[PDB]
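One chain comes next, on its own, written as structure tokens: the form solved without the DNA.
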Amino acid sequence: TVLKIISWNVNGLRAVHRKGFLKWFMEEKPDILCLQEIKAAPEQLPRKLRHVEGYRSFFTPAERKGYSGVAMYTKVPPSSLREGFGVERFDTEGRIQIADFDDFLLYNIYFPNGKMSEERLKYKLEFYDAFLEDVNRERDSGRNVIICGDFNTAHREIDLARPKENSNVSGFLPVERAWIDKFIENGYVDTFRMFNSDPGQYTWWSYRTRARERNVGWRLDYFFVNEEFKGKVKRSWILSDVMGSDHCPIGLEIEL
């Protein structure tokens, strides 16, 4: 039995709905769909918009109105979800949704963008720190873990079109890249690279400067699993032709 999980930074749920979201979701039929950047008060969402037949849904909004926010659709519900690491400043931005399924925890994470300022870059790296602490704690206790979402960093030079010009832009700073190295070193596997070693494989393109048509993109969205669980991973891929956001969806298929 295959379980298909999709992750997508939709850049606003209302926006992606105007651009074919429901038709796409109906045709793709994942078992679990993880979404980032909802940008909406869930309580203000009409049912025609939020509810999708055959799926349970769970929404984790930011304190700040219209900002960030994540959500999860699933055919089979988790036993519960956790919405933070236990650290106030990281738990109030609508960035963390951790669902407990039988066989794994599924981390649906919208990691912070560090471009804004040195303070937001500091926040990003310390968020990374708190995340690693959290997943390590769970992984240490014998849990298998799947982590998906927008990491807001391209790992290696192959993971973006313009590595040299972005050497001092947040998203490709040596400090950020080094954290992904560290995360991997700690026993988590970048599942896409298990199957695809090719260049030009990205998940985000600026809406500006015709980036998507020029494939001037960055691989910012990942599926990671812990080392012990990797044997269950059968596919990890990029749904590059799916429109509606500045990111495209990514997919994981696992056999349990």
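So that there is no doubt, residue numbering starts at 1 and follows the sequence shown.
In this entry, the higher average B-factor at the C-alpha atoms falls on 163-171, of the pair 163-171 and 104-112.
When the C-alpha B-factors of 54-62 and 37-45 are averaged, 37-45 comes out higher. In this entry, the residue among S141, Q97, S80, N152 with the greatest C-alpha B factor is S141. Ranked against the other modelled residues of its chain, the C-alpha B-factor of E27 as given in the entry falls in the highest third. In the PDB entry, a CA B factor belonging to the highest third of its chain's modelled residues is recorded for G187.
Per the PDB record, residue ranking by Cα B-factor puts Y73 in the lowest third of the chain. Annotation for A178: C-alpha temperature factor in the highest third relative to the rest of the modelled chain, per the entry. When all modelled residues of the chain are sorted by CA temperature factor, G231 is found within the highest third.
Omitted from view is the form solved in complex with the DNA, to which the following refers.
Proximity to the DNA in the bound PDB entry holds for none of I158, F192 and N196, with the criterion being a heavy atom within 4.5 Å.
Remark: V216 counts among the residues lining the DNA in the bound PDB entry, judged by a heavy atom distance of 4.5 Å or less. In the bound PDB entry, the DNA stays beyond 4.5 Å of every heavy atom belonging to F59. Using a 4.5 Å cutoff between non-hydrogen atoms, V169 counts as a contact of the DNA in the bound PDB entry. Under a 4.5 angstroms non-hydrogen atom cutoff, the DNA in the bound PDB entry has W204 among its neighbouring residues. Distance criterion of 4.5 Å from any heavy atom to the DNA in the bound PDB entry singles out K115 from the list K75, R89, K115, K122. Just one of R82, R162, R139, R177 comes within 4.5 Å of the DNA in the bound PDB entry, counting any heavy atom, and that one is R162. Residues with any non-hydrogen atom within 4.5 angstroms of the DNA in the bound PDB entry fall in just one of 222-230, 25-33, 183-191, 205-213: 205-213.
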